[PDB]
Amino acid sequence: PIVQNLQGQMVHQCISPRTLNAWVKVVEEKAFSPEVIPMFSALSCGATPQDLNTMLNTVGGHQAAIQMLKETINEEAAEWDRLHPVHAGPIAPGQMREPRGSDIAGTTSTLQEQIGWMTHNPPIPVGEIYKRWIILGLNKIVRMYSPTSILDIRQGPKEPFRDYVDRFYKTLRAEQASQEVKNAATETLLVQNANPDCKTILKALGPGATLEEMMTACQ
């Protein structure tokens, strides 16, 4: 990654064995559960495009997801090229060439070039741009590998309401939807799919009851 030294300068640092192992292990243990994505984002904090490719390439197996990831990356890279055409011309001494989509993705750019873009003033955050593409692709993989639909999450006749809300928002989280969609799904299904006894208790709370009040009422 690119870290700041004690001279105020942003300096490249080697990816650590702790970071490499942590990412490999979380993929082995959790596959593509929704919480793997924020773990990837945090483990790739300050990462260069080279570091991001390293984390993706160190993953063994799951090559169907990795190949889908590469397709999303190429779609986003092509869009960047459509929006930012490179202007031919010799590069100035203190300047850097404008990055292509494949340069942001680390496939046609060197580490030195990525350091140059990231440590420029103003910086071109090719690592954060690339990470935005990878997470976009990881969101589709999580959504695709989600086994259960939110419509099929219904509270059992003897299931505690706490456990049913756990399954509800776990299934809802694997959708990788916006907060507006999450709130629309909550107002459409959480109360309506509760079991008969708890549903009656929740209807009498009104639409303005908080989840804390809802879980308390069906305790």
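In this text, residue numbers run from 1 along the sequence as written.
- Comparing 71-79 with 88-96, the stretch with the higher mean C-alpha B-factor in the PDB entry is 88-96.
- Judged by mean Cα B factor in the deposited record, 152-160 ranks above the other of 152-160 and 32-40.
- Residue-level inspection of the entry shows that, of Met55, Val181, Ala47, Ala174, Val181 has the top Cα B-factor.
- Highest CA B-factor among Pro122, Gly101, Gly137, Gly127, as stated in the entry: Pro122.
- Per the deposited record, the Cα B-factor of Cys14 falls in the middle third when ranked against the other modelled residues of its chain.
- When all modelled residues of the chain are sorted by CA temperature factor, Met144 is found within the highest third.
- Per the PDB record, residue ranking by Cα B-factor puts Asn21 in the lowest third of the chain.
- In the deposited entry, the Cα temperature factor of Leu111 places it in the middle third of its chain's modelled residues.
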